[PDB]
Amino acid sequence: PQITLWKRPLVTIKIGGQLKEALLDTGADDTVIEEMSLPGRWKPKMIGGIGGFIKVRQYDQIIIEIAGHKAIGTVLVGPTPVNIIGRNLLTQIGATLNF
């Protein structure tokens, strides 16, 4: 699609068989999702957002569908105000910015 920005670019994602809503976020290096269970081991990660730094759980090689496009990559889990799809997975679905 071509998504304009007059409203938030929210899409449906599917992770662990569950549908969720997430924000396509070109200002995020990383994908960050609200507390949920994911398989496998996780590693520690700190991310610095507008308000300061938080701890998250980094799960690698997670299968996630984004607006009907399949991706497999790193998902950070932690107390983000909104689920966000960052550039690590926007590149996997072929997204670009255009003007």
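We number the residues from 1 along the sequence you see. So that the term is clear: the rigid core is the largest set of C-alpha atoms that superpose within 1.5 Å between two forms.
Higher-deviation segment by CA RMS in 5 other deposited structures of this protein, core fitted, 31-39 or 46-54: So, of the two stretches, the farther one in 5 other deposited structures of this protein is 46-54.
Higher-scoring stretch by recorded Cα B factor average, 49-57 or 64-72: Going by the record's values, the stretch with the higher mean is 49-57.
Residue range whose averaged C-alpha B-factor is higher in the record, 18-26 or 75-83: So the stretch with the higher mean C-alpha B-factor is 75-83.
Ranked against its chain, the third holding the CA B-factor of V32: Within its chain, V32 is a lowest-third residue by C-alpha B-factor, going by the deposited values.
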